[PDB]
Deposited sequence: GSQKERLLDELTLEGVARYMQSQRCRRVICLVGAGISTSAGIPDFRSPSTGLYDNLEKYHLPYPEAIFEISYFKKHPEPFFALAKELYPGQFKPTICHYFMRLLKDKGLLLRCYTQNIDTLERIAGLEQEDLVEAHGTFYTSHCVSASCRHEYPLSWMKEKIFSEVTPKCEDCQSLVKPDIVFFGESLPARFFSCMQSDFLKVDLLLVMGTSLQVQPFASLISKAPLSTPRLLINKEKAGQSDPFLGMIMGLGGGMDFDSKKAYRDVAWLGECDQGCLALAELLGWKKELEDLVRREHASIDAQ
């Protein structure tokens, strides 16, 4: 129920690892964001210096957030597509942290991965539609915005549009073709909610990686878990703690902290370190090396 038991023998990465290899822990949900794709060459939003929010004056823009709002995008779709060309990676290579989640899947521990990212790196690492909630959509597909025809286009088609700097318009009806991402101001995909109502009824561990937990309703997921579900954050910086002035969230440090753990560093390093404790380090090394080699050969 709502009893706040202490399931981890100690609020550390080693405590989480022993819990992951006990019998109580059979369903794991990952919540991930842009931090886990920065070492794949896709920059943050809010990280000072790197993050996009510091790097977008050049966009004739009245509000550094407007380039991701649906309202602004309806009026002026060009800056987004211009920004999309800048950021489009030359090669899609998922990170160690991505591959840690594919290890979760391969070992039957992955109940679901909820991602805020739209870069398709979860799928390239081998997470299937049954494993994934792309909470903010994806670049992988695109649709005519006209309610009358909503023709679908593949990333191959959208990429050439963006690289040829020509605004994507629909071959059937000449309306705008928008990548299948959830802009700020749009409604999250239905499957987000149907998964959320069911997944969080029996998750045994939350793995929060590479997200500042500042976009809603995604950030609210950490509170859907039952009160005794251990929660591990792997992130550059602590996140998800209740504001002192503002049901609340992460509790790493207070006297009544009992299940939240913050491993601070690179998501790739933190997943490397967790895998070591689990005896998966070599297993993780071969998988990343093999898949990077396969991708490097394309």
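Positions of the deposited sequence absent from the coordinates form one stretch: 247 to 252.
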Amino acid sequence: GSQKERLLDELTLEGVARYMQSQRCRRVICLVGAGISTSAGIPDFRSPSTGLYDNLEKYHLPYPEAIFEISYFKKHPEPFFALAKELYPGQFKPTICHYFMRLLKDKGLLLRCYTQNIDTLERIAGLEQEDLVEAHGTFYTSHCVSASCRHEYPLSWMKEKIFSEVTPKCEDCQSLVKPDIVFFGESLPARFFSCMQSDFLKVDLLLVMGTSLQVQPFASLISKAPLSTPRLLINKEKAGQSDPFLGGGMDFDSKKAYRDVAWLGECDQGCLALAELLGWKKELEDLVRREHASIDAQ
From here on, numbers count along this sequence of modelled residues.
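Stretches 92 to 100 and 124 to 132 differ in mean C-alpha B factor, with the higher average recorded for 124 to 132. Once the C-alpha B-factors are averaged per stretch, 68 to 76 and 143 to 151 rank with 68 to 76 first.
For the set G247, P230, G270, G35, the PDB entry puts the maximum C-alpha B factor at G247.
Annotation for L11: CA B-factor lies in the middle third of the chain's modelled residues.
In this PDB entry, the Cα temperature factor of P62 sits in the top third of its chain's modelled residues, the highest group.
Placement of the Cα temperature factor of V166 within the chain: highest third of the modelled residues, per the deposited record. The deposited CA B-factor of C25 belongs to the highest third of values across its chain.
The PDB entry assigns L206 a C-alpha temperature factor belonging to the lowest third of its chain's modelled residues.
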